[PDB]
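Position 288 of the sequence shown, counting from 1, maps to 288 under the deposited numbering, and the rest follow consecutively. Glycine included, each C-beta is placed from N, C-alpha and C at the ideal position. A short worksheet on the structure shown next.
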Amino acid sequence: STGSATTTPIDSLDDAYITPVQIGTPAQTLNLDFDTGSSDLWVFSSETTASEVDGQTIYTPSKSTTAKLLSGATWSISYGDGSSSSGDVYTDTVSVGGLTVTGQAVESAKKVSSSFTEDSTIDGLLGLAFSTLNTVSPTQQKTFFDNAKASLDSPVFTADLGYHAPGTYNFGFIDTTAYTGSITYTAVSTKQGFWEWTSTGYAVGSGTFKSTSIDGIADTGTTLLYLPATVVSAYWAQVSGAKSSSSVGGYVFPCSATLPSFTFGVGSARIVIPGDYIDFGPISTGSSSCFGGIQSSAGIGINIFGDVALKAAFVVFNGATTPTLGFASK
Numbered sequence: 001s002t003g004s005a006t007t008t009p010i011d012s013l014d015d016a017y018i019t020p021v022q023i024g025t026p027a028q029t030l031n032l033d034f035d036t037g038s039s040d041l042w043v044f045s046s047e048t049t050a051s052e053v054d055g056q057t058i059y060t061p062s063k064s065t066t067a068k069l070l071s072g073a074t075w076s077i078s079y080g081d082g083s084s085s086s087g088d089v090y091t092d093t094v095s096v097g098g099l100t101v102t103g104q105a106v107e108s109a110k111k112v113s114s115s116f117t118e119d120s121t122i123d124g125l126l127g128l129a130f131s132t133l134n135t136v137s138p139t140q141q142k143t144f145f146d147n148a149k150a151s152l153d154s155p156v157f158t159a160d161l162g163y164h165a166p167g168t169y170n171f172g173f174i175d176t177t178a179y180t181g182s183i184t185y186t187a188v189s190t191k192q193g194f195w196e197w198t199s200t201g202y203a204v205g206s207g208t209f210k211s212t213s214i215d216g217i218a219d220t221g222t223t224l225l226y227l228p229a230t231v232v233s234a235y236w237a238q239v240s241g242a243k244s245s246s247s248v249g250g251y252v253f254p255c256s257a258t259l260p261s262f263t264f265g266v267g268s269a270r271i272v273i274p275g276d277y278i279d280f281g282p283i284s285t286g287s288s289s290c291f292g293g294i295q296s297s298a299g300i301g302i303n304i305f306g307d308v309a310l311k312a313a314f315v316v317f318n319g320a321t322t323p324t325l326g327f328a329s330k
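Laid out in structure tokens, this is it:
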């Protein structure tokens, strides 16, 4: 089998992407944030504290003839941005782009943190990291991809995120029309539960490529590119007036600037992030200070190849017995 679904930016900055997901019988369609940095499929639901729902579409398991409470199971998650959510668990039928999994754990939120409430466009998350990170207790549950893997034509999914435009998540096949050149594959460590890999270096604008190993994760659920302080300083030094602002919480730059591209290495190959992809706009409405899309990871503990990096590529998440990642230009 295969599936294919369009993913759409939630706003004009590409802060996140939503993909429609059919849950239950009859289908309840929710728009979920596919997140290769986490491993829970959780949704706003009829069980969510009413004051914490503000415009999201909810899953109502009592209206699904295929829903079944997973007795005794609870979940609770905290993300790298400080947000969190928790609740109980049902199993139900879940379909993405024509690919159906029966018995998928659907984690129903009883509580969500304020940042989820405040974003009416995201009805939940669909985790695509390794199932070892799933938070369901006392019996850890499998991701949608893990459950679908054996049925897929090939045990892969691909992320093709758009810049200010829709893109595509495919399951079970490589669309060879969706990228240019060849796909360069690189080794993955699953020891931390992430799609963790080592970039071979970077360049700033038209500058010389610096060969240096940068370990990080491919994370569709993180907006920005978080890299070591040395790398980030080298980038922003090429932007007149850019500075790190403790009050704002990162590098800012004059909105009148033209940003240089940023290149990262995948083996001997190179993925070029255009400068415009690094502009995240005014820090507050009407400001002429703009927020940078490349930020230091020094306070995170891991480097993160978020959407800024991934949307410059066609990305293959190869879930073979030994997983690998593939990147192509597009």
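Let me check one thing: in DSSP terms, what residues is residue i bridge-paired to?
{"i": "residue 68", "result": "91"}
{"i": "residue 236", "result": "BP columns for residue 236 are empty, so no partner."}
{"i": "residue 215", "result": "198"}
{"i": "residue 204", "result": "262"}
{"i": "residue 317", "result": "157, 325"}
{"i": "residue 20", "result": "31"}
{"i": "residue 143", "result": "Paired residue(s): none; residue 143 is not in a bridge."}
{"i": "residue 5", "result": "169"}
{"i": "residue 210", "result": "202"}
{"i": "residue 85", "result": "77, 112"}
Three-state secondary structure (DSSP) at residue i?
{"i": "residue 43", "result": "strand"}
{"i": "residue 134", "result": "coil"}
{"i": "residue 62", "result": "helix"}
{"i": "residue 289", "result": "strand"}
{"i": "residue 276", "result": "helix"}
{"i": "residue 12", "result": "coil"}
{"i": "residue 187", "result": "strand"}
{"i": "residue 25", "result": "coil"}
{"i": "residue 149", "result": "helix"}
{"i": "residue 73", "result": "strand"}
From what residue to what residue does the beta strand (DSSP E) around residue i run?
{"i": "residue 272", "result": "269-273"}
{"i": "residue 53", "result": "First-last for residue 53: undefined, no H or E at that position."}
{"i": "residue 252", "result": "250-254"}
{"i": "residue 298", "result": "That residue, residue 298, is in no beta strand (DSSP E); it is neither H nor E in DSSP."}
{"i": "residue 226", "result": "225-227"}
{"i": "residue 124", "result": "124-127"}
{"i": "residue 243", "result": "243-245"}
How far does the alpha helix (DSSP H) with residue i in it reach, from first residue to last?
{"i": "residue 310", "result": "307-310"}
Inspect the CB distances between the region 226-233 and the region 274-290 and report whether three or more fall short of 8 Å. Counting Cβ pairs under 8 Å, fewer than three are found: no touch.
Whole runs of the alpha helix (DSSP H) within the region 91-122, excluding any shorter than 4 residues: Complete alpha helix (DSSP H) runs here, min 4: 114-117.
Is it the case that the region 24-38 contacts the region 122-133, given that we only count it when at least three CB pairs across the two stretches are under 8 Å? Touching, yes.
For the 8 Å Cβ check, are there 3 or more pairs between the region 236-251 and the region 178-194? These segments do not touch.
Between the region 202-211 and the region 258-265, are three or more C-beta pairs nearer than 8 Å? Between the region 202-211 and the region 258-265 there are three or more inter-stretch CB-CB distances shorter than 8 Å, so the stretches are counted as touching.
Measuring CB atoms only, is the region 208-220 touching the region 39-52, in the sense that at least three cross pairs come out at less than 8 Å? With a cut-off of 8 Å, the region 39-52 and the region 208-220 do not count as touching, because too few Cβ pairs lie within range.
If we count Cβ pairs, one from each stretch, closer than 8 Å, do we get three or more for the region 16-29 versus the region 58-78? Short answer: they touch.
Count the C-beta pairs between the region 74-83 and the region 154-170 that are closer than 8 Å, then say yes if the count reaches three, no if not. With the cut-off at 8 Å, the region 74-83 and the region 154-170 do not touch.
Count Cβ pairs between the region 139-147 and the region 99-106 that sit closer than 8 Å; are there 3 or more? At 8 Å Cβ cutoff, the stretches touch.
The region 89-99 touching the region 4-18, judged by at least three CB pairs closer than 8 Å: Yes: the two stretches touch, three or more of their Cβ pairs being nearer than 8 Å.
Would you call the region 233-240 and the region 301-309 touching, i.e. three or more CB-CB distances under 8 Å? Of all C-beta pairs linking the region 233-240 to the region 301-309, fewer than three are shorter than 8 Å, placing the two stretches out of contact.
Check whether the region 267-282 and the region 312-319 are in contact - that is, three or more C-beta pairs closer than 8 Å. Contact between the region 267-282 and the region 312-319 is present, because at least three Cβ pairs lie under 8 Å.
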